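First, one chain by itself in structure tokens, the form deposited in one PDB entry.
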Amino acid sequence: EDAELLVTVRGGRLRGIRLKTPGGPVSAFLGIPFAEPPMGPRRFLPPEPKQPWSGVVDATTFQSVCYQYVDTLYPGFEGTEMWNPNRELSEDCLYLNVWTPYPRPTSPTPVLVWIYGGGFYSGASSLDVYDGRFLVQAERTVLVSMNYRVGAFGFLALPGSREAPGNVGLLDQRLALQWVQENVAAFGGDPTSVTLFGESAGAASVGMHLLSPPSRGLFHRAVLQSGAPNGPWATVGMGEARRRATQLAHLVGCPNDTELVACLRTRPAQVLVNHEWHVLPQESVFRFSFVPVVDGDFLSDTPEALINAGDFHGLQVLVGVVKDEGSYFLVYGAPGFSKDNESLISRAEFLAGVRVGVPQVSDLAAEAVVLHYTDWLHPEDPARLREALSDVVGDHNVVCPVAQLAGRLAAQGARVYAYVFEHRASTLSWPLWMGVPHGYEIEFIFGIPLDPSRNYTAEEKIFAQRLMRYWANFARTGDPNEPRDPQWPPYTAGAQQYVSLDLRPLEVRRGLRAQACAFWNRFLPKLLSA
């Protein structure tokens, strides 16, 4: 019996598994329960702490994936399938995973906590691209990742009601962070050095923990990759959440909040999932049905409001974006777009595309978008129209909300580092026109290129090692920089400096799409208020 793979936590005893990497072994504890199964009467409710167990919990394999929609846009295509559930779906899904060096650290080790981010409707800690073994081995941190409820199960809200208060998937995350505070020391982790990192909806999640005081005491540093809590997709108003929840009930044969939720509770999980997309108010891309709601509780105000009012002295943040944030989303509803052609669209498609990529705004607001994103010397060139609509969706949804967050945080006391990730993976299965799409820096951060059975280049492995070092440096010291030899400067509202991350050495540049983001962040809100 291997003693390194036996751990006792507050709830009881666990048995882990030894994992191999090209650099040596790692200890892994997978499928550790942190909450009571949120089933039956517990669907839509805040998570309850896992009651203590007797015996030894088998923690050698990933647990079930939280019930969610399965992407069938391109059946059998790696580009979409790598994000789909790779374990059975279940509402009994509140488990987390701990990876630690082998043998276990005998002294307090810095902790990284990963939050996955498929638009709050999808994701799992078990996805191959989130394999913690390489980061933990190379950088000697403790890595934790958790499953949290998504879609209706995590975010359906009838605001004010006790039966479906909203944001429960976020509370799942907070519970797991509490679990980390109380139990990570048993693995060698240092609960006084916990860095949150997340991508997309996971990045929005991290930002939300920053702005919610009960969570703020559970970690120390934050990394937000291609996502921000002030994103136009990341929250929904009380009224619109109530309407979406109400339409879901109607669509599945249910009728008073109590009676409505009770009837929803009798429905099979899959039935809810089958009608998830139908509650959106219009055809769109980069919009999701069930997301965090501003209700006065978890978020006492809108993320924008909470951001502007915040004192962020003592906070270090790492934020950044990929080179082509918008491209991926275009194939899910923008007219003329497909991974299977050049997607060289026409002006008319571009214009219809703008209403899809910027849904629910006035005709005037749309016209303003078209003004800023048209090259009036080349108003009808298909290649430029393709690039421009990608820019619209990417700026509006990701780049500009991240830039706004970064600027406010920097100006209000936080030390901020910003990056643009510009490397297109040699193994990327998406077409060349998509460039470096959303989500495709993650495999480098997790050091997936070090996996021998995969086809990455020697250069790419070295690059992955650089990135793991930046991320782990940040977790350890709040500063990604290595000892001097080209330096990564902090981002500030004025100088707006960030670095490019690719195969070349760090290059320092200015402005996260400053011209475009002035529009989304300064002008467009004024317009919409009148």
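Heads up, when I say rigid core I mean the largest set of C-alphas that superpose within 1.5 Å between the two forms. Shifts are known only where both forms have a C-alpha. One rule holds for the numbers: they count along the sequence shown, beginning at 1.
There is another form of this protein, the form deposited with a small molecule bound, and it is not shown here; the text below is about that form.
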(request) May I ask you to choose, among 328, 421, 197, 153, the residue with a heavy atom within 4.5 Å of the small molecule in the deposited bound form? (result) 328
(request) Counting non-hydrogen atoms within 4.5 angstroms of the small molecule in the deposited bound form, say which of 139, 71, 391, 460 makes the cut. (result) 71
(message) If contact means a heavy atom within 4.5 Å, which one of 94-102, 307-315, 270-278, 409-417 is the stretch that engages the small molecule in the deposited bound form?
(response) 270-278
(message) At 4.5 Å between heavy atoms, is residue 121 in contact with the small molecule in the deposited bound form?
(response) yes
(message) As a test: superpose on the rigid core, then list the runs of at least 3 residues whose Cα atoms all move 2 angstroms or more between this form and the one not shown.
(response) 483-485
